[PDB]
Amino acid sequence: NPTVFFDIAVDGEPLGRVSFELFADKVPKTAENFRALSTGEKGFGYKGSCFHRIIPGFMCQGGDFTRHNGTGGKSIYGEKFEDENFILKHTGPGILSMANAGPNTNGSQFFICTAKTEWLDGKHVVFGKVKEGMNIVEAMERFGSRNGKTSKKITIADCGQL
């Protein structure tokens, strides 16, 4: 299982580094998408993109690096790819899971849970977990709101594989 990192910034000021284990043993295709988008090695990826939806009590969502508004993103396999499996569950804070527009519409958008979100089980593919820096993700909730609109610009200033 590979490890990737995000260096998070708030209006351009560093907030700190979050690292993720990617569950390549259970969801190899989904993990490889996120790994490659974190390094940028396909010529595009997460670096510079923002967390566009943060809802305190539930999750931080980001990964739209093509439109930067919550409607875009693409995978390394194409704009969309299929749900690989739903083996893993949204068991608590720190779960890393794919956002989607319904069945088999995974792209690059993802979310990090800040609570157990059991009703998402079987509908979003869980593929990783925060390894270090969960308190940084908790700190990103300070800039969210009830409908997810953020009060400051929360960006991935740098990202890569460890």
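Residues carry their position along the shown sequence, with the first being 1.
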Please compare 97-105 with 66-74 and say which has the higher mean C-alpha temperature factor in the record.
66-74
Looking only at C-alpha temperature factors in the entry, 38-46 or 52-60, the higher average sits in 38-46
Taking only the Cα B-factors deposited for this chain, tell me whether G16 sits in the lowest, middle or highest third.
middle
Among all modelled residues of this chain, ranked by Cα B factor, put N147 in the bottom, middle or top third, i.e. lowest, middle or highest.
middle
Based on the entry's values, in what third of the chain does the Cα temperature factor of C159 lie: lowest, middle or highest?
middle
Please place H124 in the lowest, middle or highest third of its chain by C-alpha B factor as given in the entry.
lowest
